[PDB]
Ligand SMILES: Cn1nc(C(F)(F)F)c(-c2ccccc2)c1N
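The form solved without this ligand is given below as one chain in structure tokens.
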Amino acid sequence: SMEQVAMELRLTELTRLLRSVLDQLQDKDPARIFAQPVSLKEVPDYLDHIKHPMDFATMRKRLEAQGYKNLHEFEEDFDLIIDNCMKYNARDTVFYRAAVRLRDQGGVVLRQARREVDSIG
């Protein structure tokens, strides 16, 4: 149908905007602490601590499969990255500190993304 196509163009455009959002958030992690999944070879107990691991590469795979239906789902995954880190790592670690900085800087980007998603529909 023509409606299914319209719908699909909206999703494509959301994917376009979420791709730009993802790029902006990922620039706030210049150390690349959150770039890839925590290695289960190197942290073999990780899944005993963290039940839903997340990282920017895994978000990118979902994004490119047009797997985010709305901004809320994308924010859910971004918040997992931060929240997983702040639980596994102690306050006095470079990892924890990196997550706080990513959260704080990401807020600005996500605030305007929400306005853009609502505005452009």
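We number the residues from 1 along the sequence you see.
Practice problem: Give the stretch, out of 25-33 and 86-94, with the larger mean C-alpha temperature factor in the deposited entry. | Solution: The stretch with the larger mean CA B-factor is 25-33.
Quiz item: Looking at the entry, does 8-16 or 95-103 show the higher mean C-alpha B-factor?
Solution: Looking at the recorded C-alpha B-factors, 8-16 comes out higher on average.
Quiz item: Between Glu64, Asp79, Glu73, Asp55, where does the Cα B-factor run highest in the record?
Solution: Within the set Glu64, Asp79, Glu73, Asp55, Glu64 shows the top C-alpha B-factor.
Quiz prompt | Modelled-residue ranking by C-alpha temperature factor, third containing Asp45 | solution = Middle third - that is where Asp45 ends up once the chain's C-alpha B-factors are sorted.
There is another form of the same protein, the form deposited with this ligand bound; it is not shown, and what comes next is about it.
Quiz item: Wondering, does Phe74 line up within 4.5 Å of this ligand in the deposited complex on heavy atoms?
Solution: No.
Quiz item: Given that the partner is absent here, does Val38 sit within 4.5 Å of this ligand in the deposited complex, heavy atoms only?
Solution: Judged by the heavy-atom cut-off of 4.5 Å, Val38 is in contact with this ligand in the deposited complex.
Quiz item: Does at least one non-hydrogen atom of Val43 fall within 4.5 angstroms of this ligand in the deposited complex?
Solution: Because a heavy atom of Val43 falls inside 4.5 Å of this ligand in the deposited complex, the answer is yes.
Quiz prompt | Contact flag, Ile33 vs this ligand in the deposited complex, heavy atom cut 4.5 Å | solution = Close contact exists here: in the deposited complex, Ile33 approaches this ligand to within 4.5 Å, heavy atoms only.
Self-check item: Contact check for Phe56, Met59 and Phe78 against this ligand in the deposited complex, heavy atom at 4.5 Å
Solution: No.
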